[PDB]
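Just one chain follows, in the form deposited in one PDB entry, and it is written as structure tokens.
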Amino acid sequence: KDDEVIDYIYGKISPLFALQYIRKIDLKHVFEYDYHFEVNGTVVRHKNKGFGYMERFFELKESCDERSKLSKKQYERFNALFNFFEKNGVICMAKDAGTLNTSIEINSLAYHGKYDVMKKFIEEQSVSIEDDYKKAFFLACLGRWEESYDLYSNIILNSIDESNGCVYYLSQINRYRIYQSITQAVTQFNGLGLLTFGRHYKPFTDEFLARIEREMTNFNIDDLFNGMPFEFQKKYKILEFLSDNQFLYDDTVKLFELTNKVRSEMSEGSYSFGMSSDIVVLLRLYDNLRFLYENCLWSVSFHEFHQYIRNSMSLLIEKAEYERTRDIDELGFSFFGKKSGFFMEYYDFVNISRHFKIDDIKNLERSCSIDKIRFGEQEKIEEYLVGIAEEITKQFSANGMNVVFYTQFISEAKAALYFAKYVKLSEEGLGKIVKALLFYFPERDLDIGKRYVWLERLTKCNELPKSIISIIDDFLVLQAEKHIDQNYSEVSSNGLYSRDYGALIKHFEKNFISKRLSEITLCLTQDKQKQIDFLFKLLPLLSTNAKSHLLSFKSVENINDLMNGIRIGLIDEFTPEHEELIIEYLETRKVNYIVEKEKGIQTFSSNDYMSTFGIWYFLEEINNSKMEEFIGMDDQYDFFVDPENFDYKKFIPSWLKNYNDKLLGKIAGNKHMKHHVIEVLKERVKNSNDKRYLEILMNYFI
């Protein structure tokens, strides 16, 4: 009786229509384990003794004539179930399935990062509690956590009488999430933000914080599900998952065991048939993402779900790394045509950018090789990046800036601009993004060195048109204008300054000069010494007249002046003045060392310059025999000046990451030192798994 099957399946599945999305795996809880719903929509006969309603249902789906004889109401129910299963991704029986396809259709505005449209929708009116729930999640993603909390409270106050269990559950969970996040954020403000931001940010006043602290004290979320009516818990066993304090509990363990199985496969080099471990964990990842974003769960902003997606996406990416060069064996490739390789699309880009922290992305780069995979949907990624860049420009330009949104957003924007190394962008979008990066990214969360290296990363797939060099000119001119003040200095976290901006422009535009820098230099005076010292770095960016004036107004009688002059090519050789000056500086440091022996050995600060002098001695740059007198500090000094006398057990492997290929070629050619470095490299690679050492060994195959 097909009518009985339609009635049964409708009674089981129709109440789930209220949810915007239903997880595939969790469907098994709906029928009380009568069936097994695999993640790819295939569905496998579970231990049961039923009429087999699903086989008959798919039979009606395949045959039009079979469904043509159904009654009107039963046919409408079948149509509703058809569109539901198509939306979720349930396809057909496991046996009947011979070839299926996956998809990626996360349909949340909050997911996409189109903050302008989110704000527009927030401005628009509302007609349904679903719209208010959407707006609450949107505001929380936009950082207005006071407004979001108030709107969530309003949602609860409406839902208690609207008689909608799902919306009441989801809003309760999300209000608890916004309370937890606002409490943690204000604690971070009170404690650290004074020290970090340099000011006492208090977006939430004390009275409102006390209000939320007192409003729902002793609110145990683990009893929330139990506290709901019988119908909801009976028919929403799917939603037991979230109600725990530790949401992502079972799914975290399942991801752990799937990770274990995937790592076992990688170690063994085993071949997986049917649905691989990677496919199932990927589908579960995407199911969770769609579930929480389409249903608008604020829990996605927490460290629990951030870590969950980080682990899932990492697992997919490292598995793809393995599969790009996996064991062939002549049999695996023969079973299926071509390969279902992993390519990073827009949704994967959003996942990695938002849900990772920057250190996590650096981890992925160190472990995997993201430049070697293929990217798709470049238009969508360009839209995402333009949204990000124009958002930061619009907000940070204005004195007004929701600081809590800044905390919830700067991670995402940082990660997006950091991970856009592998994407192609239009000249318009590239120009706007670099302008935002160079001007309106705040100094507190992005310093000069990080700014330069991130720009340099952004200019990988696309070279520099005239617009980019123009905007860099504008930024550097602004920095020069601001550098007049005697109580202002450049601090770099990475260790790269505006001289690297100039080097970037001059490398990407050999014939280039700036009239703004030339005219700001032409009106300089000896009183403003710091500005002269700063503009000394940007010499090739000046005109001939400005160059002559700058040379006349100041000499290079200094060590930093010496380094800046050699770096931008002012001096091709070291004059007696320069070698005398560095000898004097090393003498004063040596007497400081002699005085400090009793107080303790200190060599970290100038060691950069000791290493530089040692390499210069190695490279026939310094031709004075006095240099030998100051052997005794092991900071890459003896390494270069007297490699024979250096104690190699004090060698650090990380000293080979910094040397350029010219110096690597030179050090590769020495017969008094090569053996120790090569054996250290070979045992390091044998005992370690870093690709940079592979690259060095390739340069030192000798």
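For the two forms, the rigid core is made up of the largest set of C-alpha atoms that agree within 1.5 Å on superposition. Residue numbers here begin at 1 and follow the sequence given.
The next section is about a form of this same protein that is not shown, the form deposited in another entry.
Measuring CA movement between this form and the one not shown with the rigid core aligned, the set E481, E427, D161, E443 has one residue at 2 Å or more: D161.
Once the rigid core is used as the reference frame, the Cα position of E390 differs between this form and the one not shown by less than 2 Å. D223 is among the residues whose C-alpha shifts by 2 Å or more between this form and the one not shown once the rigid core is aligned. Residue displacement note: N363 has its CA displaced by under 2 Å between this form and the one not shown (rigid core superposed). Whereas the displayed form keeps them at a certain spacing, the CA atoms of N607 and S489 lie at least 3 angstroms closer in the other form.
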